[PDB]
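Heavy-atom basis, side chains included; hydrogens, waters and symmetry copies ignored. Read the numbers this way: they start at 1 and go in the same order the structure lists the ligands and their atoms. Numbers here simply count residues along the sequence, with the first being 1.
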Amino acid sequence: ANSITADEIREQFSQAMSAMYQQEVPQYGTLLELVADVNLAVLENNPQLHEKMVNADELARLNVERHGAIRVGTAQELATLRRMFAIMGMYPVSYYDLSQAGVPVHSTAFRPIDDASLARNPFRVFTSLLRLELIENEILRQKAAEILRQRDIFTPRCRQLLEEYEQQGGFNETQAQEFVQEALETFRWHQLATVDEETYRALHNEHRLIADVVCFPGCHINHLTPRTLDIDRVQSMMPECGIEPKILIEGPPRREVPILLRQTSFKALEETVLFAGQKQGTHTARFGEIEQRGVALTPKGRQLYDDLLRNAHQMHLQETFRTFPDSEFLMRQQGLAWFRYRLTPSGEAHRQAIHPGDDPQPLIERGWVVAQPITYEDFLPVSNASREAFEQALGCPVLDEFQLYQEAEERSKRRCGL
Ligand SMILES: [Zn+2]
């Protein structure tokens, strides 16, 4: 029997996940059409752009790219996910301490890390871990904790598969399919709360996120985010399509050369919350999200970005960022971003003239080298004993995304003769 690859399980999962989300949240279906139209147009209106992209095998991924957002309340639950995603070629990258912003959670991003896997299908799932010690009311922290430790979000057949996988160190086609369906069940949405209304209202009142994580079955999808080449255009076309976006657009301001990523949200639906044993229920909001991703920033550039932010309303932002160079040449010159250097047909011809240590600038102007920008695969930084704690819960340290991009850039320099 053939041993199915990770890229194969990941892309099938992503898609299954997407279809389920679509049947759950229709507005998401509409959203996809709108993004497709906008991406097509942007390509139509910019042939060179379309040329650049085709030359860098980055146009295909644009049609399947999405990221998921999920929340869990226990280190245990977080370790199983670490196992489940490993079987799909996704590894925990970086650390985000959303507590630094009031949200009682902290997190990481499970995603592929090799160039080909990213290019083939870059599925990502922002995974957040609840931090009960950040729950004021101790009575509630107590109840939350109780519910969380006595519950189980994975299907038995799903835990069985993680075990079989460990034994064989691989899955077969029939198990790969089954794994995809059983895992999909952990993220499905259910209306039935797993608590009484009184408990729900009390936890919700303490903090919406808390009730979201403790009062519902598995860990339903918070949001599924498709990717676009122009966030502003999408934001403008949404109302025409029945979607009321929200003025705010996080990330840097519109730029010739995008950096990191820009994103915005919107209410995709208000769901009904039910309670076993009674007619009266309540409701909760499922928010949709959209993003546009630019070049990955260097430690020096991420620092510039953070400082500039720490200095600033969208007009004031744009004003502030005039400081951040807005041309690949300038950004490359000051070591602000990550580029993938590739030889040009002309360049490979003269390959024997390119030597290690050489300055790429001359070779680029000569037409021999091209600096492709490396896409940002991670998330926006949120404006210690927490990281290590989180790493303890996870079961391993989180990868340093800067080290990832650097290696990728270095890898390409070798491939070129540097
Ligand atoms: Zn997100």
Side-chain angles (χ1 to χ4, degrees), residues 10 13-15 17-18 20-22 24-25 27-28 31-32 34-35 61-62 64-72 78 81 85 88 90-112 118 121-130 186-187 189 208-209 212-213 219-232 234-235 238 243 245-252 258-269 271 284-294 296-297 302 305 309 375-383 390 398 401:
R10 191 198 322 133
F13 180 69
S14 172
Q15 176 54 209
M17 197 77 130
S18 196
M20 180 185 73
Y21 190 56
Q22 189 188 283
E24 257 167 31
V25 186
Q27 199 139 301
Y28 173 70
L31 176 69
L32 294 185
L34 178 51
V35 164
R61 63 128 111 191
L62 173 51
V64 303
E65 204 152 352
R66 283 110 63 189
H67 76 211
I70 55 169
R71 294 162 182 162
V72 284
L78 174 57
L81 294 183
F85 293 130
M88 290 177 191
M90 314 184 241
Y91 305 103
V93 180
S94 202
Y95 173 70
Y96 304 84
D97 187 355
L98 286 304
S99 85
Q100 224 88 303
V103 191
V105 312
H106 56 342
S107 35
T108 183
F110 293 105
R111 76 175 176 68
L118 289 171
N121 181 302
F123 191 49
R124 295 177 294 262
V125 177
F126 187 86
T127 304
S128 274
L129 171 58
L130 194 65
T186 310
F187 318 98
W189 180 282
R208 55 172 48 65
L209 187 156
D212 199 53
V213 197
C219 56
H220 54 48
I221 312 167
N222 288 168
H223 66 67
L224 230 198
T225 306
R227 174 181 171 200
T228 167
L229 279 281
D230 187 307
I231 196 162
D232 309 279
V234 172
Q235 187 180 42
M238 295 182 104
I243 309 175
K246 84 179 183 182
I247 331 309
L248 180 70
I249 284 187
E250 319 205 303
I259 48 175
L260 305 168
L261 74 69
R262 305 187 75 225
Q263 69 190 288
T264 311
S265 41
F266 65 95
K267 176 167 287 195
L269 160 296
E271 185 55 70
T284 179
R286 308 200 56 171
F287 291 109
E289 178 175 70
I290 175 65
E291 49 165 49
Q292 186 185 149
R293 316 186 66 119
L297 293 183
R302 234 311 292 308
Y305 172 79
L309 262 199
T375 298
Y376 190 51
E377 318 289 350
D378 300 287
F379 297 82
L380 288 174
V382 44
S383 308
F390 183 89
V398 306
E401 26 102 5

- Measure the acute angle between the ring planes of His106 and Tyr95, then classify it against the limits of 30° and 60° as parallel, tilted or perpendicular. perpendicular
- Looking only at non-hydrogen atoms, find the nearest pair between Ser14 and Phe123 and report the distance. OG-CD1, 3.8 Å
- Query: So how far is it from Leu224 CG to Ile70 CD1, rounded to the nearest 0.5 Å?
  - Reply: 11.0 Å
- Message: Between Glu377 and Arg61, does any NZ, NE, NH1 or NH2 come within less than 4.0 Å of an OD or OE carboxylate oxygen?
- Response: yes
- Within the distance-only criterion (no hydrogens, no angle test), does the side chain of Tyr376 pair as donor or acceptor with the backbone N or O of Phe379 below 3.5 angstrom? yes
- What protein N/O/S atoms are found closer than 2.8 Å to the Zn ion (ligand 1)? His67 NE2, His223 NE2, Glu289 OE1
- Task: Please determine if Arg10 forms a cation-pi arrangement with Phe85, meaning its NZ or CZ atom is less than 6.0 Å from the six-membered ring centre and no more than 45° off the ring axis.
- Result: no
